[PDB]
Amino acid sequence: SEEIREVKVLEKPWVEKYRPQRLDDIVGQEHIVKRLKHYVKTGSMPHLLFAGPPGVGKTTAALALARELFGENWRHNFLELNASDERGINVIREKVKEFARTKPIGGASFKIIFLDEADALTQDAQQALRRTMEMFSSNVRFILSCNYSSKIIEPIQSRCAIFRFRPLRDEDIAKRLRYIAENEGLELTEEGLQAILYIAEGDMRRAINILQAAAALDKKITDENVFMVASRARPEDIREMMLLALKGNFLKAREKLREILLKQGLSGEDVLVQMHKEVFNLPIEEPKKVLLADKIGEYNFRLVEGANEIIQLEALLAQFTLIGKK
């Protein structure tokens, strides 16, 4: 009757389907929320600037806040625009003037325009936005999302309360993953759990995206699949490949590299990045880590210029055999 289990899990993004709906559902940002609640509890708040990584809270809170601030009106008093991609037409001109001119729904004191990826706007775009901002201050309240506050011109920055979102701890990312798992028919094995936490590195959205894609292959989330979904390899394999080289077993490490490459089908950059991570979890004297670190930097730049992936990766492993002889 219905579609296949595969399409059922791929249709709607788990990232959205399970985004917390209230400032009390959000996690790991405890201090950030306390500040936000104060707003909703007193119907008073200035323009906001949410700085930090993607998938750690920002837009979840930008929505939750509006929700607890307008109840059933959030959707009629909250304009979500994405500066960068610019979803649609001139999503920064005639669109706003409309929303901005009308009034809030309910006894609401103001509206909210959530400009996501604001730091993607040129200095000029930000100048215009500065005016377009102070223009309807009385009616609209801005919530600017960005990677780095230092990428937003000061005129705009001085009119905002700065919030700095940081990565989330594993436990928190884990609780959410365990929940989505149970409430989806998944058999989240612990190996698969750890495999997701490690890669995700504190980015909730990222962990979810890996969890979902994983489930599409099978309801039993195994680490082997966590790795097949992300262009990732087993952290254990990457280390062996390096140690083998360091120890002096260049040919063998070339062998290992060949396997990881064939099994995972990941890119040179993918391997390089994993290499840069595992190198620091190696029983190697400090001085060798210094040399290793420099080499990874240099080879990363060679890849950027277009150098041959396999040739460069093998030349890097040989460098390891060289740094290993000391």
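A residue's number is simply how far along the shown sequence it sits, counting from 1.
- 219-227 and 97-105 differ in mean CA B-factor, and the higher of the two is recorded for 97-105.
- Per-stretch averaging of Cα B factors for 271-279 and 54-62 places 54-62 on top.
- Each of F78, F163, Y198, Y148 has a CA temperature factor in the record; the biggest one is found at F78.
- Considering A293, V27, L257, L266 together, the PDB entry gives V27 the largest C-alpha B factor.
- Residue-level temperature factors show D85 in the highest third of its chain, judged at the C-alpha atom.
- Annotation for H47: CA B-factor lies in the middle third of the chain's modelled residues.
- Residue-level temperature factors show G248 in the lowest third of its chain, judged at the C-alpha atom.
- The PDB entry assigns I92 a C-alpha temperature factor belonging to the highest third of its chain's modelled residues.
- Looking at the C-alpha B-factors along this chain, the one for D237 belongs to the lowest third.
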